[PDB]
There are 2 protein chains.
Amino acid sequence: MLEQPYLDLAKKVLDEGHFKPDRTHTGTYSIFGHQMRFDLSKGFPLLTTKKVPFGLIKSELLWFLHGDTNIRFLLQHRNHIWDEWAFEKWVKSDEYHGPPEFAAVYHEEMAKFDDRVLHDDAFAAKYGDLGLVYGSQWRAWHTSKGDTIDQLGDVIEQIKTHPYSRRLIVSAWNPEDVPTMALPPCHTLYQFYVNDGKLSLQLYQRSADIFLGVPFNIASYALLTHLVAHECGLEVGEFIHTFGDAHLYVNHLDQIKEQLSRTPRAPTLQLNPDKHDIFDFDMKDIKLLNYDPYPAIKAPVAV
Amino acid sequence: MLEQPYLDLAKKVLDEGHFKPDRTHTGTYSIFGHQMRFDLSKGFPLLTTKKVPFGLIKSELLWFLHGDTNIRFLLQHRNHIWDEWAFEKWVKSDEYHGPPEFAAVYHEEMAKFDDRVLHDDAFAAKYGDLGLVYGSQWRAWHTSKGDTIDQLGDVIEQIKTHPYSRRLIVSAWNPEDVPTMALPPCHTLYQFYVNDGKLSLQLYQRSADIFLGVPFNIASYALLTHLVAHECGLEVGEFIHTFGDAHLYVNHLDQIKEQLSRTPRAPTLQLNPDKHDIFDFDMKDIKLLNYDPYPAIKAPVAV
Ligand SMILES: O=c1ccn([C@H]2C[C@H](O)[C@@H](COP(=O)(O)O)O2)c(=O)[nH]1
Ligand SMILES: O=c1ccn([C@H]2C[C@H](O)[C@@H](COP(=O)(O)O)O2)c(=O)[nH]1
Ligand SMILES: Cc1cccc2c1C(=O)N(c1ccnc(Cl)c1)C2=O
Ligand SMILES: Cc1cccc2c1C(=O)N(c1ccnc(Cl)c1)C2=O
């Protein structure tokens, strides 16, 4: 099945991984350097064996494609993926006043913050704006001359003109910023590849939470490859997912067994037949057919 | 054998690669996304089946470790690897006067240039200095504030303090410079990894000439892993070589058969037992034992 490689990497790490401490202080089982391929011509690799809300994948990806770094857009779409980190520029702040039942009055203050990012421009501008996150790296990289490079936009022209180039690289890794930056980007870099009609994409992912993060990350960049083939009028080849540290968090050990005895089912993807400027896609330009997942598995997001 | 993965990737590309045009206009057989592992504890992976001059690998690597970008240091060591690209800032120049038997009077003007880089400081400074090449990317990355980051140096402290970090990334890919730069770096990025006593390193290599380039590149970064384990007092785990476009150039098709019926032999590496500041290694701090290669195979360096 299309998603076997994901199931194989959970198996491998579980049966061969070596206990590893982590920044988080959860602890992990980990392997270094692993690859999976997904032949995108065979269907779209959204995990069946456990539910991965595609609404969520595409809003965030469209948030990336626009060069947006403000939670607000994600909020206009019920996407709460990135709420945490915007909340902390406010959870710490000097414009801040306010406070187990943390489990419930954390929600009360989260529902507050969401609300006024959603409606108060000045608050949004100060707390909603996540800053140095994939939208800026991708389409507004801060040149040393105080300018800004549209990196993805630039590489798509190059796919169109010089499809055969081995330089079709977009990076998210900025050595000037990674020392003191909230999340040095997990998706360090990717590279496209055109051979005879088919565009492929490889992601180098420095660090991978296999239970929680990877199901999504596969879809974000599988989705990204389609969208880029679409705009270049190419067919789709493969998505290659390459990993540094691929790890299972130790509290996810239960869940991943749970998931591993599921029996995989694979959806198809449908792109607007008459739009091509992907920087200009909204949610109805991307449609997933025949997604039939098993339900969500409850997992403690390890720190 | 230790070098089988290299032999397997030449086989794979030869038996499964798909004709691909290239910047060069030689043409190639290519695959996208491939990985090889070399367990450095089992011996050093310098190809036996064809000769790879280790003198050359280590001078260039020490040239990198010093943050040097001038051909001169390579010249003081009979390393001619990078002569070409320094010659062109002079092969084109406005301080330039001078001129088949290009095959022999190319050599006459190369032997001139080498000589006076070797001895004339001002010429060296103008023509020998390659500029934006792995030494600057690694230990002097040009911050946006006109400063300079010692990136490798910085990540080695982090290995020492935070060995378990999945952020141990050094990159050579600078989006501000890759549009108009002689060689966008083929060795785009690498990442270290420490699990229980053993340091590992993964290289993401965007583009790989499998006959000419890869034998060297394996050794440069296998060598790099040792040197870094050594300085951190770690043992050595694996070198993982990850590729974008791994290609055979079409004029190398003969040679790589020639090489493929050779029968692999694997050297050992010996590091100074009493030095650790690798930024301060000279050539006698690195010694290779029991290297026993088959001889060099003559190959047209495809553009
Ligand atoms: O898209 C993402 C973003 C984050 N992570 C995970 C990987 C790590 O477990 C954790 C924090 O990363 P480190 O900086 O500690 O590597 O978040 C993912 O798996 N996928
Ligand atoms: O260390 C190196 C440096 C260069 N190349 C090769 C790969 C390509 O065949 C050629 C030029 O690279 P491109 O920019 O066209 O990808 O040089 C290597 O294999 N290894
Ligand atoms: C809500 C939820 C629930 C389960 C798992 C995940 C998320 C989420 O936002 N992400 C995520 C995606 C992209 N970037 C980040 Cl920081 C996180 C997950 O991996
Ligand atoms: C002399 C010779 C002969 C055969 C093969 C190679 C070289 C060389 O300098 N390199 C090389 C290494 C690192 N960077 C570059 Cl641009 C080239 C080769 O791959």
Side-chain angles (χ1 to χ4, degrees), chain A residues 17-23 30-35 37 137 141-147 149 151 154 158 162-171 173-179 184 186 188-189 191-196 200-202 204 206-208 237-245 247, chain B residues 17-23 30-35 37 137 141-147 149 151 154 158 162-171 173-179 184 186 188-189 191-196 200-202 204 206-208 237-245 247:
Chain A
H18 280 70
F19 176 77
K20 199 178 135 126
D22 81 306
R23 170 206 88 227
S30 142
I31 48 177
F32 184 58
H34 184 106
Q35 200 161 77
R37 311 172 93 74
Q137 284 110 34
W141 180 284
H142 279 138
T143 89
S144 95
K145 298 211 48 51
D147 210 305
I149 292 152
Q151 217 192 148
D154 292 333
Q158 286 288 303
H162 292 76
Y164 292 121
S165 178
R166 325 136 165 137
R167 283 96 180 243
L168 302 160
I169 294 254
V170 174
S171 169
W173 194 266
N174 187 348
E176 141 142 65
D177 310 335
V178 302
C186 292
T188 316
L189 171 139
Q191 159 173 29
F192 300 100
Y193 175 89
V194 190
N195 198 194
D196 71 44
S200 287
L201 172 157
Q202 179 170 194
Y204 184 87
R206 74 168 235 262
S207 179
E238 317 194 20
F239 162 61
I240 311 70
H241 204 155
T242 294
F243 300 85
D245 187 338
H247 53 274
Chain B
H18 280 70
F19 176 77
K20 199 178 135 126
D22 81 306
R23 170 206 88 227
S30 142
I31 48 177
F32 184 58
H34 184 106
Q35 200 161 77
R37 311 172 93 74
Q137 284 110 34
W141 180 284
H142 279 138
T143 89
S144 95
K145 298 211 48 51
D147 210 305
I149 292 152
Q151 217 192 148
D154 292 333
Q158 286 288 303
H162 292 76
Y164 292 121
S165 178
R166 325 136 165 137
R167 283 96 180 243
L168 302 160
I169 294 254
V170 174
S171 169
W173 194 266
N174 187 348
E176 141 142 65
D177 310 335
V178 302
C186 292
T188 316
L189 171 139
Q191 159 173 29
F192 300 100
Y193 175 89
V194 190
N195 198 194
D196 71 44
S200 287
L201 172 157
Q202 179 170 194
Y204 184 87
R206 74 168 235 262
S207 179
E238 317 194 20
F239 162 61
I240 311 70
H241 204 155
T242 294
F243 300 85
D245 187 338
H247 53 274

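Order of the sequence lines fixes the chain letters, A, B, ..., with proteins taken first and strands second; residue numbering starts at 1 for each chain.
Here B:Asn195 is the residue among B:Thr143, B:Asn174, B:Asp196, B:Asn195 with the most heavy-atom pairs under 4.5 Å with chain A. Contacts with chain B were tallied for A:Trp173, A:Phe32, A:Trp141; A:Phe32 has the most, counting heavy-atom pairs under 4.5 Å. Comparing B:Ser30, B:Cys186, B:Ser165 by heavy-atom pairs within less than 4.5 Å of chain A, the highest count is held by B:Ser30. Counting heavy-atom pairs under 4.5 Å between each of B:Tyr164, B:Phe192, B:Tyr193 and chain A puts B:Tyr193 at the top. The most heavy-atom pairs under 4.5 Å with chain B, out of A:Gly237, A:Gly33, A:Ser207, come from A:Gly33. Of the listed residues B:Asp177, B:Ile169, B:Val170, the one with more heavy-atom pairs under 4.5 angstrom with chain A than any other is B:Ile169. Heavy-atom pairs under 4.5 Å with chain A were tallied for B:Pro184, B:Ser171, B:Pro175; the largest tally goes to B:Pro175. With respect to chain B, the highest number of heavy-atom pairs below 4.5 Å among A:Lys20, A:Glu238, A:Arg37, A:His18 belongs to A:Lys20.
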**Worked check of side chain to side chain contact (heavy atoms under 4.5 Å, CB included) between B:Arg167 and A:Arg23** = CA-CA 10 Å; B:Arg167 283 96 180 243; A:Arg23 170 206 88 227; 3.2 Å; yes

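With a 4.5 Å cut-off on non-hydrogen atoms, B:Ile149 touches chain A through its side chain but not through its backbone. Proximity to chain B is limited to the backbone of A:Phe243, based on heavy atoms less than 4.5 angstrom apart. With a 4.5 Å cut-off on non-hydrogen atoms, A:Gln151 touches chain B through its side chain but not through its backbone. Neither the backbone nor the side chain of B:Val178 has a heavy atom closer than 4.5 Å to any heavy atom of chain A. Using a 4.5 Å cut-off between heavy atoms, A:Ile240 touches chain B through its side chain atoms alone. Contacts between A:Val194 and chain B at a heavy-atom distance below 4.5 Å involve the backbone alone (N, CA, C, O). Heavy atoms closer than 4.5 Å to chain A are found in both the backbone and the side chain of B:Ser200. Contacts between B:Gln202 and chain A at a heavy-atom distance below 4.5 Å involve backbone atoms as well as side-chain atoms.
Residues satisfying the ring pair (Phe, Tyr, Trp, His ring centres under 6.0 Å) test with A:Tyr204, not counting sequence neighbours, are none. Here B:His247 pairs with B:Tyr249 under the ring pair (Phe, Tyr, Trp, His ring centres under 6.0 Å) rule; sequence neighbours left out.
Atoms OG1 and CD, on B:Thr188 and B:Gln137 in that order, are 10.0 Å from each other to the nearest 0.5 Å. With values rounded to the nearest 0.5 angstrom, B:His162 atom NE2 is found 12.5 Å from A:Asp22 atom CG.
No donor-acceptor distance shorter than 3.5 angstrom exists from the side chain of B:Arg166 to the backbone of A:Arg206, with no hydrogens or angles considered.
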